[PDB]
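The next block is model.txt, given as compact mmCIF, C-alpha atoms.
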```
# COMPACT_ATOMS: atom_id res chain seq x y z
CA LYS A 16 27.99 1.50 31.14
CA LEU A 17 27.52 -1.93 29.60
CA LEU A 18 27.73 -0.19 26.23
CA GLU A 19 31.44 -0.97 26.34
CA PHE A 20 30.64 -4.68 26.48
CA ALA A 21 27.93 -4.34 23.79
CA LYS A 22 30.50 -2.61 21.53
CA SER A 23 33.16 -5.30 22.01
CA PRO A 24 34.61 -6.83 18.82
CA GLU A 25 33.50 -10.27 19.96
CA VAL A 26 29.94 -9.15 20.74
CA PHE A 27 29.55 -6.49 18.02
CA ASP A 28 30.92 -8.76 15.30
CA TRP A 29 28.67 -11.60 16.46
CA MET A 30 25.65 -9.24 16.41
CA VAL A 31 26.56 -7.79 13.01
CA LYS A 32 27.08 -11.36 11.86
CA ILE A 33 23.60 -12.58 12.84
CA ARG A 34 21.93 -9.39 11.61
CA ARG A 35 23.33 -10.00 8.12
CA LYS A 36 22.24 -13.62 7.88
CA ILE A 37 18.67 -12.64 8.67
CA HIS A 38 18.94 -9.65 6.32
CA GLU A 39 20.07 -11.97 3.48
CA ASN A 40 17.18 -14.33 4.14
CA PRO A 41 14.05 -12.27 4.91
CA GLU A 42 11.07 -14.37 6.03
CA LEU A 43 7.43 -13.29 6.09
CA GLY A 44 4.92 -13.48 8.96
CA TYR A 45 4.44 -16.93 10.52
CA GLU A 46 6.98 -18.40 8.06
CA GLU A 47 10.13 -17.26 9.90
CA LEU A 48 11.56 -20.78 10.32
CA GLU A 49 15.22 -20.00 9.66
CA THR A 50 15.09 -16.76 11.66
CA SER A 51 13.50 -18.71 14.54
CA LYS A 52 16.06 -21.60 14.32
CA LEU A 53 18.90 -19.04 14.50
CA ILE A 54 17.45 -17.27 17.54
CA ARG A 55 16.99 -20.60 19.32
CA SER A 56 20.58 -21.66 18.50
CA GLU A 57 22.00 -18.41 19.83
CA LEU A 58 20.00 -18.75 23.05
CA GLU A 59 21.31 -22.32 23.30
CA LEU A 60 24.89 -21.11 22.78
CA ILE A 61 24.62 -18.21 25.23
CA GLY A 62 23.03 -20.41 27.92
CA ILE A 63 19.34 -19.43 28.00
CA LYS A 64 16.29 -21.66 28.45
CA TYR A 65 13.29 -20.88 26.24
CA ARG A 66 9.74 -21.88 25.34
CA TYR A 67 9.01 -22.84 21.72
CA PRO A 68 6.87 -22.74 19.71
CA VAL A 69 4.77 -19.68 20.51
CA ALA A 70 2.59 -18.34 17.68
CA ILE A 71 4.13 -20.90 15.30
CA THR A 72 7.62 -19.38 14.98
CA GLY A 73 7.86 -17.35 18.17
CA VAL A 74 10.31 -17.91 20.99
CA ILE A 75 10.39 -16.83 24.64
CA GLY A 76 13.68 -17.00 26.57
CA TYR A 77 14.54 -16.52 30.24
CA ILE A 78 17.45 -14.97 32.11
CA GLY A 79 17.71 -14.60 35.86
CA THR A 80 16.48 -16.42 38.95
CA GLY A 81 13.64 -18.16 37.14
CA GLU A 82 11.22 -16.62 39.65
CA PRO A 83 9.17 -13.38 39.62
CA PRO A 84 9.30 -10.53 39.00
CA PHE A 85 9.13 -11.17 35.27
CA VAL A 86 10.00 -8.33 32.91
CA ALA A 87 9.86 -8.72 29.13
CA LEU A 88 11.94 -7.42 26.18
CA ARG A 89 10.45 -7.73 22.69
CA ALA A 90 11.66 -7.82 19.07
CA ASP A 91 9.79 -8.53 15.79
CA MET A 92 10.96 -11.22 13.33
CA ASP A 93 9.27 -10.77 9.94
CA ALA A 94 10.24 -9.01 6.72
CA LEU A 95 8.12 -7.51 3.94
CA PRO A 96 7.44 -8.55 0.30
CA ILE A 97 9.52 -5.63 -1.01
CA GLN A 98 12.43 -5.96 -3.49
CA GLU A 99 15.61 -4.64 -1.87
CA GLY A 100 16.98 -1.77 -3.96
CA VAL A 101 20.18 -1.52 -1.91
CA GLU A 102 23.10 -3.05 -3.78
CA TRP A 103 25.55 -4.62 -1.31
CA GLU A 104 27.11 -7.85 -0.21
CA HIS A 105 24.40 -8.70 2.32
CA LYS A 106 21.40 -7.70 0.21
CA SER A 107 18.42 -10.08 0.43
CA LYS A 108 19.12 -13.26 -1.53
CA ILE A 109 15.34 -13.82 -1.66
CA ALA A 110 13.83 -11.86 -4.54
CA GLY A 111 10.74 -9.83 -3.67
CA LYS A 112 11.37 -9.81 0.08
CA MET A 113 13.34 -7.41 2.23
CA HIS A 114 13.94 -6.50 5.85
CA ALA A 115 13.07 -2.87 5.17
CA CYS A 116 11.65 -2.35 8.67
CA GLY A 117 14.67 -2.76 10.97
CA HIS A 118 13.27 -5.95 12.54
CA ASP A 119 16.57 -7.55 11.60
CA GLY A 120 18.25 -5.01 13.88
CA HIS A 121 15.48 -5.90 16.37
CA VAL A 122 15.97 -9.67 16.55
CA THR A 123 19.65 -8.81 16.44
CA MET A 124 19.73 -6.41 19.35
CA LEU A 125 17.45 -8.79 21.25
CA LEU A 126 19.92 -11.69 20.85
CA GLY A 127 22.65 -9.20 21.77
CA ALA A 128 20.76 -8.26 24.93
CA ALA A 129 20.18 -12.00 25.60
CA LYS A 130 23.90 -12.69 25.22
CA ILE A 131 24.95 -9.82 27.48
CA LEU A 132 22.27 -10.23 30.18
CA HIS A 133 23.33 -13.85 30.47
CA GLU A 134 26.82 -12.57 31.37
CA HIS A 135 25.34 -11.09 34.56
CA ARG A 136 22.51 -13.57 35.19
CA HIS A 137 23.11 -14.40 38.85
CA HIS A 138 22.73 -10.70 39.67
CA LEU A 139 19.24 -10.33 38.15
CA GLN A 140 16.63 -9.81 40.87
CA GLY A 141 13.99 -11.68 38.92
CA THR A 142 13.60 -13.06 35.39
CA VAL A 143 14.04 -11.18 32.09
CA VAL A 144 11.69 -12.66 29.50
CA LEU A 145 12.80 -12.47 25.84
CA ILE A 146 9.98 -12.45 23.33
CA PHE A 147 10.77 -13.14 19.68
CA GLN A 148 7.51 -12.22 17.96
CA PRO A 149 6.38 -13.34 14.52
CA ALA A 150 4.17 -11.54 12.03
CA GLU A 151 4.24 -7.99 13.30
CA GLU A 152 3.53 -6.58 9.81
CA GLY A 153 0.15 -8.23 9.46
CA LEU A 154 -0.60 -6.92 12.97
CA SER A 155 -1.65 -10.35 14.21
CA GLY A 156 1.49 -11.78 15.83
CA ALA A 157 1.56 -9.92 19.14
CA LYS A 158 -2.13 -10.71 19.71
CA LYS A 159 -1.54 -14.40 18.90
CA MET A 160 1.35 -14.67 21.37
CA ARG A 161 -0.86 -12.98 23.99
CA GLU A 162 -3.59 -15.54 23.28
CA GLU A 163 -1.00 -18.26 23.94
CA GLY A 164 -0.10 -16.87 27.35
CA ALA A 165 3.07 -15.00 26.48
CA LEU A 166 2.00 -12.27 28.92
CA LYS A 167 1.13 -14.42 31.95
CA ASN A 168 2.97 -13.44 35.15
CA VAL A 169 4.80 -10.69 33.21
CA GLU A 170 4.40 -7.22 34.73
CA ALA A 171 6.27 -4.83 32.38
CA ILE A 172 7.41 -5.10 28.78
CA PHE A 173 9.82 -2.96 26.73
CA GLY A 174 10.26 -2.78 22.97
CA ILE A 175 12.67 -0.92 20.67
CA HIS A 176 12.17 0.12 17.03
CA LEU A 177 15.04 1.59 14.92
CA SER A 178 14.14 4.91 13.32
CA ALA A 179 15.27 6.96 10.32
CA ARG A 180 13.32 9.88 11.81
CA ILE A 181 15.48 10.13 14.95
CA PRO A 182 19.18 11.13 15.03
CA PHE A 183 21.67 8.25 15.19
CA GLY A 184 22.13 6.85 18.70
CA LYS A 185 19.19 8.59 20.36
CA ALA A 186 16.31 6.63 21.88
CA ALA A 187 12.91 8.26 21.50
CA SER A 188 9.65 7.77 23.42
CA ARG A 189 7.03 9.73 25.37
CA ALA A 190 4.59 9.08 28.22
CA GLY A 191 1.10 7.80 27.46
CA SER A 192 -0.61 7.97 24.09
CA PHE A 193 2.19 7.48 21.53
CA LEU A 194 1.27 5.39 18.48
CA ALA A 195 -2.13 5.61 16.81
CA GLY A 196 -4.69 2.82 17.05
CA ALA A 197 -6.44 1.46 13.95
CA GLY A 198 -9.78 -0.12 13.19
CA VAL A 199 -12.01 -0.96 10.23
CA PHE A 200 -15.76 -0.92 9.67
CA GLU A 201 -18.13 -2.28 7.07
CA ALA A 202 -21.50 -0.88 6.09
CA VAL A 203 -24.23 -2.22 3.79
CA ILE A 204 -26.67 0.34 2.40
CA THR A 205 -29.83 -1.27 0.99
CA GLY A 206 -33.12 0.34 0.01
CA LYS A 207 -35.98 -0.16 2.46
CA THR A 217 -34.72 3.00 -6.10
CA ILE A 218 -31.65 5.24 -6.54
CA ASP A 219 -31.68 6.14 -2.85
CA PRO A 220 -29.06 3.52 -1.88
CA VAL A 221 -26.61 5.23 -4.23
CA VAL A 222 -27.76 8.64 -3.03
CA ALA A 223 -27.22 7.44 0.53
CA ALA A 224 -23.82 5.91 -0.26
CA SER A 225 -22.16 8.98 -1.77
CA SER A 226 -23.73 11.03 1.01
CA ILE A 227 -22.38 8.81 3.80
CA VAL A 228 -19.00 8.90 2.07
CA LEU A 229 -18.59 12.67 2.09
CA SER A 230 -20.09 12.69 5.58
CA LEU A 231 -17.46 10.27 6.92
CA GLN A 232 -14.58 11.90 5.06
CA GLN A 233 -15.55 15.01 6.98
CA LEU A 234 -14.60 13.47 10.36
CA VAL A 235 -10.94 13.44 9.27
CA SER A 236 -9.11 16.45 10.62
CA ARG A 237 -6.05 18.15 12.05
CA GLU A 238 -5.76 20.44 15.03
CA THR A 239 -3.06 22.14 17.07
CA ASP A 240 -2.23 19.04 19.17
CA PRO A 241 -0.92 16.12 17.12
CA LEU A 242 -2.72 13.82 19.57
CA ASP A 243 -6.16 15.06 18.50
CA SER A 244 -5.72 13.83 14.91
CA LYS A 245 -8.56 11.60 13.77
CA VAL A 246 -9.05 10.09 10.36
CA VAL A 247 -11.60 7.93 8.59
CA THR A 248 -10.74 6.58 5.13
CA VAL A 249 -13.35 5.07 2.83
CA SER A 250 -11.56 2.54 0.65
CA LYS A 251 -14.27 0.08 -0.41
CA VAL A 252 -17.53 0.99 -2.16
CA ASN A 253 -19.53 -1.14 -4.63
CA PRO A 262 -28.20 -0.95 -7.57
CA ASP A 263 -29.99 -2.71 -4.71
CA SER A 264 -27.11 -2.70 -2.22
CA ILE A 265 -23.77 -0.99 -1.84
CA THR A 266 -21.01 -2.16 0.47
CA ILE A 267 -18.74 0.50 1.94
CA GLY A 268 -15.50 -0.58 3.60
CA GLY A 269 -13.72 1.99 5.73
CA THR A 270 -10.96 2.51 8.27
CA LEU A 271 -10.51 4.79 11.25
CA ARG A 272 -7.57 5.94 13.37
CA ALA A 273 -7.08 7.98 16.52
CA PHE A 274 -4.47 8.45 19.28
CA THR A 275 -7.18 9.16 21.86
CA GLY A 276 -10.98 8.72 22.00
CA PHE A 277 -10.85 5.83 19.54
CA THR A 278 -14.09 4.26 20.88
CA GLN A 279 -15.81 7.61 20.56
CA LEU A 280 -14.68 7.77 16.93
CA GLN A 281 -15.88 4.22 16.22
CA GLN A 282 -19.35 5.15 17.46
CA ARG A 283 -19.29 8.37 15.43
CA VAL A 284 -18.53 6.45 12.25
CA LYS A 285 -21.44 4.09 13.04
CA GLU A 286 -23.84 6.86 14.04
CA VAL A 287 -23.14 8.86 10.87
CA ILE A 288 -23.63 5.92 8.49
CA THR A 289 -26.83 4.89 10.26
CA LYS A 290 -28.51 8.30 10.38
CA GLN A 291 -27.24 9.26 6.93
CA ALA A 292 -28.84 6.03 5.70
CA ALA A 293 -32.12 6.53 7.58
CA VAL A 294 -32.85 10.04 6.29
CA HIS A 295 -32.44 8.55 2.82
CA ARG A 296 -34.99 5.80 3.57
CA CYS A 297 -32.40 3.01 3.55
CA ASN A 298 -31.45 0.04 5.72
CA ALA A 299 -28.05 0.42 7.42
CA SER A 300 -25.80 -2.50 8.31
CA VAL A 301 -22.54 -1.46 10.01
CA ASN A 302 -19.88 -3.77 11.45
CA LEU A 303 -16.86 -2.38 13.40
CA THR A 304 -15.02 -5.73 13.45
CA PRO A 305 -15.71 -7.08 9.94
CA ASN A 306 -14.44 -10.59 9.19
CA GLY A 307 -12.76 -10.83 12.59
CA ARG A 308 -10.77 -7.61 12.05
CA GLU A 309 -10.67 -6.51 15.70
CA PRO A 310 -9.49 -2.97 16.40
CA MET A 311 -5.93 -2.35 17.55
CA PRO A 312 -5.88 0.27 20.32
CA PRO A 313 -3.34 3.13 20.37
CA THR A 314 0.11 2.19 21.81
CA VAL A 315 0.29 3.66 25.31
CA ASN A 316 3.62 4.10 27.11
CA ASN A 317 3.21 3.52 30.83
CA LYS A 318 4.35 6.65 32.70
CA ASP A 319 6.43 4.73 35.26
CA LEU A 320 8.22 2.76 32.54
CA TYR A 321 8.76 5.95 30.53
CA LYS A 322 9.98 7.74 33.65
CA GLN A 323 12.36 4.84 34.38
CA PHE A 324 13.37 4.55 30.72
CA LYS A 325 14.49 8.19 30.46
CA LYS A 326 17.01 7.51 33.23
CA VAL A 327 18.42 4.36 31.65
CA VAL A 328 19.01 6.31 28.42
CA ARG A 329 20.53 9.34 30.11
CA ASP A 330 22.81 7.25 32.35
CA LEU A 331 23.96 5.21 29.36
CA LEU A 332 24.29 7.54 26.35
CA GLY A 333 24.14 11.11 27.62
CA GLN A 334 22.02 13.91 29.03
CA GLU A 335 21.25 14.85 25.42
CA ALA A 336 20.41 11.48 23.82
CA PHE A 337 16.85 11.40 25.19
CA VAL A 338 14.56 12.40 22.34
CA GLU A 339 10.95 13.15 23.33
CA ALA A 340 8.94 11.40 20.63
CA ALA A 341 6.03 12.90 18.68
CA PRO A 342 2.75 10.99 18.37
CA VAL A 343 2.89 8.85 15.19
CA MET A 344 0.09 7.44 13.05
CA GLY A 345 1.99 4.26 12.22
CA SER A 346 1.27 0.57 12.57
CA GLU A 347 2.81 -1.46 15.41
CA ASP A 348 1.02 -4.39 17.01
CA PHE A 349 3.10 -3.98 20.17
CA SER A 350 -0.02 -2.13 21.44
CA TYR A 351 -1.70 -5.49 22.09
CA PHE A 352 0.93 -6.00 24.84
CA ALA A 353 1.13 -2.52 26.50
CA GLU A 354 -2.64 -2.44 26.92
CA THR A 355 -2.74 -5.79 28.75
CA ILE A 356 0.38 -5.12 30.88
CA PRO A 357 2.43 -1.94 31.50
CA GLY A 358 4.29 -1.34 28.26
CA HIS A 359 7.01 0.93 26.92
CA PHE A 360 7.79 1.35 23.24
CA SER A 361 10.72 3.43 22.04
CA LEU A 362 12.44 4.28 18.76
CA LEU A 363 16.18 3.91 18.25
CA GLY A 364 17.87 6.49 16.03
CA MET A 365 19.82 5.80 12.85
CA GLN A 366 19.53 9.01 10.82
CA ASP A 367 22.71 10.89 9.94
CA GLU A 368 23.35 14.59 9.31
CA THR A 369 22.13 14.75 5.72
CA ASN A 370 19.27 12.29 5.92
CA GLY A 371 20.93 9.63 3.79
CA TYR A 372 19.19 6.84 5.69
CA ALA A 373 15.98 5.87 3.91
CA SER A 374 12.65 5.88 5.73
CA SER A 375 11.39 2.48 6.92
CA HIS A 376 9.17 0.61 4.44
CA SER A 377 11.29 1.36 1.37
CA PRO A 378 13.38 -0.68 -1.09
CA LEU A 379 16.40 1.46 0.04
CA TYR A 380 15.91 1.32 3.85
CA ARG A 381 19.09 1.23 5.93
CA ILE A 382 20.06 0.48 9.51
CA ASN A 383 23.49 1.88 10.38
CA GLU A 384 24.98 -1.45 11.57
CA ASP A 385 26.78 0.45 14.33
CA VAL A 386 23.46 0.95 16.18
CA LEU A 387 23.22 -2.68 17.32
CA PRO A 388 25.28 -2.21 20.50
CA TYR A 389 23.16 0.85 21.50
CA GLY A 390 19.89 -1.09 21.52
CA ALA A 391 21.56 -4.23 22.93
CA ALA A 392 22.83 -2.20 25.90
CA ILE A 393 19.53 -0.33 26.21
CA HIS A 394 17.65 -3.65 26.12
CA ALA A 395 19.99 -5.29 28.63
CA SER A 396 20.20 -2.27 30.89
CA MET A 397 16.47 -1.55 30.98
CA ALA A 398 15.75 -5.07 32.24
CA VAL A 399 18.35 -4.75 35.02
CA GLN A 400 17.42 -1.31 36.30
CA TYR A 401 13.74 -2.24 36.27
CA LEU A 402 14.36 -5.34 38.44
CA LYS A 403 16.98 -3.52 40.52
CA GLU A 404 14.26 -0.93 41.14
CA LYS A 405 11.26 -3.19 41.75
CA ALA A 406 13.32 -4.74 44.55
CA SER A 407 14.31 -1.40 46.09
```
Show me this structure written as structure tokens.
Amino acid sequence: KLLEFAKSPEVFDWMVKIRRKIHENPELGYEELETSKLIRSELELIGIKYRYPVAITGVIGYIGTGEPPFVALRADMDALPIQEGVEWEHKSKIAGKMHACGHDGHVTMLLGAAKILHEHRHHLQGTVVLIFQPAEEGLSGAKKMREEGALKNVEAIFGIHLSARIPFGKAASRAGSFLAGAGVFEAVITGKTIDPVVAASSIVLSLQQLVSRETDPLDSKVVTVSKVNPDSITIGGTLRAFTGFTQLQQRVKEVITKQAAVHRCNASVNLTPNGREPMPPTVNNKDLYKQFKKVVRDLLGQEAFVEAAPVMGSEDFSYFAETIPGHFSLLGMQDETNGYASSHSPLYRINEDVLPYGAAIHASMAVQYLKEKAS
């Protein structure tokens, strides 16, 4: 019922205040200096110790006993090089950049949560870890924080992402496979005269075939050939799946290889070209999802819980929920007539009145988890 606190003029105004400053000054991946300085100042003001730097601009705060169990809450920090088309007082003052992906609401609701949780810190049966992650858009920030030990000793992490595809004030998630993974591959087709070209256009159609839709949105698999360019032809492609990703990677390789061989050609295929490691699908741990549904129902209502549909989007949170139990949820903003623009657009819009919902959900989820682990 801490939503009442989260909605307080003092707290809500403070949250809306910080959200706007970040919104007016969008910073790109790994260059979120000002966003990072603000987060650190608010943690300082609230009364929360933190580790900095992590992944250049990242910050990790602590609330509780200081001892295990450790549970983490995560928010992204970076904007995108998009010109804000929304005309308003708090529009980005940085031309060509915009927080058109809600992250502003994310850092915001994470500082909210930090502020609130601190209010009840001596009651926490463990330590809530607050992760302020840089460069989510380029899908390399979560992995970099992991490399730097951000996940050590931590046993369960929760993340929230505002959504224009979910009704306002409803949190949406599902158990297990939720967000699609993504990988790339590179192939070089060289003649062991025109065969290489014959082989290349063949392989292309043959890989484009693999893409398909079925009756379960979790079975969707796609392979996109984007690069192709005669002694040798380089073919750069991508692949995505919610399940059986490894089996799809091998299929892409097998096809290119055999389709090259029957055309008397050499086949060079790389599934991690230039250090582009695959990003596995985002999997929501059943226990966290099961616990999460309760937190949402107890807080908002028996009807707020929105069972999410598998999505083929991009969210590097998966590098966390694969290494430790993870739970990723959406937070609704959409109104009755769909006036709220979809994420990734010059017109994107968070309804600023959603901040207390995620702040409470963030705060609450960390408490119930700990107050459950100790049961």
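You will find CA of residue 352 (chain A) at 23.8 Å from CA of residue 246 (chain A).
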| field | Residue contacts of region 24-27 of chain A (12 Å, all atoms listed in the file) excluding same-chain residues fewer than 5 positions away, as a ChimeraX atom specification | value | /A:17-19,32-34,61,123-124,126-131,134,384-392
- Message: Residues near region 143-159 of chain A, anyone? I mean within 9 Å using all atoms listed in the file, not counting same-chain ones fewer than 2 positions away, as a VMD selection string.
- Response: chain A and resid 43 to 47 51 54 65 69 to 81 84 to 95 122 125 to 126 129 132 139 141 161 to 165 169 172 311 346 to 352 398 to 399 402
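Residue nearest residue 192 (chain A), chosen from A:359, A:251, A:35, A:295 and counting only C-alpha atoms: A:359.
If you measure from each of A:67, A:380, A:183, A:103 to residue 366 (chain A) using only C-alpha atoms, the closest one turns out to be A:183.
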Mind giving me the axis-aligned box for region 49-63 of chain A with 3 Å on every side, centre plus edges in Å to one decimal, as JSON?
```
{"center_x": 19.2, "center_y": -19.5, "center_z": 18.8, "size_x": 17.4, "size_y": 11.6, "size_z": 24.3}
```
Using only C-alpha atoms, which residues sit within 8 Å of region 194-204 of chain A once same-chain residues fewer than 4 positions away are excluded, as a PyMOL selection string? chain A and resi 220+223-224+264-275+277+288+292+297-305+308-315+342-347
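Each of A:319, A:59, A:39, A:330 was compared to residue 191 (chain A) using all atoms listed in the file, and A:319 turns out to be the nearest.
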re CA of residue 400 (chain A) and CA of residue 120 (chain A): distance 22.7 Å
Since the input is missing atoms for region 27-50 of chain A, could you rebuild it with N, CA, C and O atoms and give the result as an mmCIF file, keeping the file's coordinate frame?
```cif
data_model
loop_
_atom_site.group_PDB
_atom_site.id
_atom_site.type_symbol
_atom_site.label_atom_id
_atom_site.label_comp_id
_atom_site.auth_asym_id
_atom_site.auth_seq_id
_atom_site.Cartn_x
_atom_site.Cartn_y
_atom_site.Cartn_z
ATOM 1 N N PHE A 27 30.021 -7.268 19.167
ATOM 2 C CA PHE A 27 29.550 -6.490 18.020
ATOM 3 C C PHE A 27 29.624 -7.276 16.724
ATOM 4 O O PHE A 27 28.669 -7.275 15.934
ATOM 5 N N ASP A 28 30.742 -7.963 16.510
ATOM 6 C CA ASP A 28 30.920 -8.760 15.300
ATOM 7 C C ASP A 28 29.903 -9.883 15.220
ATOM 8 O O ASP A 28 29.371 -10.172 14.144
ATOM 9 N N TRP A 29 29.654 -10.523 16.359
ATOM 10 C CA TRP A 29 28.670 -11.600 16.460
ATOM 11 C C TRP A 29 27.300 -11.015 16.091
ATOM 12 O O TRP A 29 26.594 -11.567 15.260
ATOM 13 N N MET A 30 26.929 -9.897 16.713
ATOM 14 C CA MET A 30 25.650 -9.240 16.410
ATOM 15 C C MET A 30 25.562 -8.888 14.932
ATOM 16 O O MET A 30 24.598 -9.253 14.255
ATOM 17 N N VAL A 31 26.566 -8.172 14.429
ATOM 18 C CA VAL A 31 26.560 -7.790 13.010
ATOM 19 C C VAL A 31 26.499 -9.043 12.150
ATOM 20 O O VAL A 31 25.890 -9.044 11.079
ATOM 21 N N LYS A 32 27.112 -10.124 12.621
ATOM 22 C CA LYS A 32 27.080 -11.360 11.860
ATOM 23 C C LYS A 32 25.647 -11.871 11.720
ATOM 24 O O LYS A 32 25.161 -12.089 10.618
ATOM 25 N N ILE A 33 24.977 -12.086 12.846
ATOM 26 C CA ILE A 33 23.600 -12.580 12.840
ATOM 27 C C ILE A 33 22.659 -11.640 12.084
ATOM 28 O O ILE A 33 21.814 -12.092 11.308
ATOM 29 N N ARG A 34 22.787 -10.337 12.310
ATOM 30 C CA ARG A 34 21.930 -9.390 11.610
ATOM 31 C C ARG A 34 21.963 -9.601 10.101
ATOM 32 O O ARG A 34 20.920 -9.570 9.433
ATOM 33 N N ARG A 35 23.163 -9.812 9.560
ATOM 34 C CA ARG A 35 23.330 -10.000 8.120
ATOM 35 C C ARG A 35 22.715 -11.263 7.570
ATOM 36 O O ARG A 35 22.137 -11.256 6.484
ATOM 37 N N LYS A 36 22.817 -12.353 8.323
ATOM 38 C CA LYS A 36 22.240 -13.620 7.880
ATOM 39 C C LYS A 36 20.726 -13.457 7.732
ATOM 40 O O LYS A 36 20.122 -13.878 6.744
ATOM 41 N N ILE A 37 20.104 -12.849 8.731
ATOM 42 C CA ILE A 37 18.670 -12.640 8.670
ATOM 43 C C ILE A 37 18.345 -11.679 7.524
ATOM 44 O O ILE A 37 17.390 -11.891 6.767
ATOM 45 N N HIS A 38 19.160 -10.632 7.379
ATOM 46 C CA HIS A 38 18.940 -9.650 6.320
ATOM 47 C C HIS A 38 19.003 -10.300 4.930
ATOM 48 O O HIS A 38 18.234 -9.938 4.037
ATOM 49 N N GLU A 39 19.910 -11.261 4.754
ATOM 50 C CA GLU A 39 20.070 -11.970 3.480
ATOM 51 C C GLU A 39 18.936 -12.960 3.232
ATOM 52 O O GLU A 39 18.658 -13.343 2.089
ATOM 53 N N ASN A 40 18.267 -13.385 4.301
ATOM 54 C CA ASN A 40 17.180 -14.330 4.140
ATOM 55 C C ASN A 40 15.908 -13.856 4.848
ATOM 56 O O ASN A 40 15.491 -14.424 5.860
ATOM 57 N N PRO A 41 15.273 -12.807 4.312
ATOM 58 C CA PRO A 41 14.050 -12.270 4.910
ATOM 59 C C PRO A 41 12.865 -13.256 4.827
ATOM 60 O O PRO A 41 12.571 -13.833 3.770
ATOM 61 N N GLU A 42 12.198 -13.451 5.959
ATOM 62 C CA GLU A 42 11.070 -14.370 6.030
ATOM 63 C C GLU A 42 9.834 -13.609 6.451
ATOM 64 O O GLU A 42 9.906 -12.736 7.319
ATOM 65 N N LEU A 43 8.710 -13.940 5.822
ATOM 66 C CA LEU A 43 7.430 -13.290 6.090
ATOM 67 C C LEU A 43 6.733 -13.819 7.353
ATOM 68 O O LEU A 43 7.143 -14.831 7.925
ATOM 69 N N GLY A 44 5.672 -13.123 7.765
ATOM 70 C CA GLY A 44 4.920 -13.480 8.960
ATOM 71 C C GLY A 44 4.477 -14.928 9.066
ATOM 72 O O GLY A 44 3.876 -15.466 8.151
ATOM 73 N N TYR A 45 4.770 -15.533 10.213
ATOM 74 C CA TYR A 45 4.440 -16.930 10.520
ATOM 75 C C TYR A 45 5.257 -17.970 9.753
ATOM 76 O O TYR A 45 5.106 -19.155 9.993
ATOM 77 N N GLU A 46 6.123 -17.514 8.849
ATOM 78 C CA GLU A 46 6.980 -18.400 8.060
ATOM 79 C C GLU A 46 8.445 -18.066 8.325
ATOM 80 O O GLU A 46 9.276 -18.203 7.430
ATOM 81 N N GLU A 47 8.761 -17.639 9.546
ATOM 82 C CA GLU A 47 10.130 -17.260 9.900
ATOM 83 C C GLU A 47 10.954 -18.414 10.491
ATOM 84 O O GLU A 47 11.676 -18.239 11.477
ATOM 85 N N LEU A 48 10.861 -19.584 9.865
ATOM 86 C CA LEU A 48 11.560 -20.780 10.320
ATOM 87 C C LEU A 48 13.058 -20.592 10.597
ATOM 88 O O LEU A 48 13.545 -20.823 11.711
ATOM 89 N N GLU A 49 13.780 -20.190 9.563
ATOM 90 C CA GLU A 49 15.220 -20.000 9.660
ATOM 91 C C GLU A 49 15.594 -18.910 10.663
ATOM 92 O O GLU A 49 16.585 -19.036 11.384
ATOM 93 N N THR A 50 14.805 -17.839 10.715
ATOM 94 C CA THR A 50 15.090 -16.760 11.660
ATOM 95 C C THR A 50 14.891 -17.307 13.077
ATOM 96 O O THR A 50 15.674 -17.021 13.987
#
```
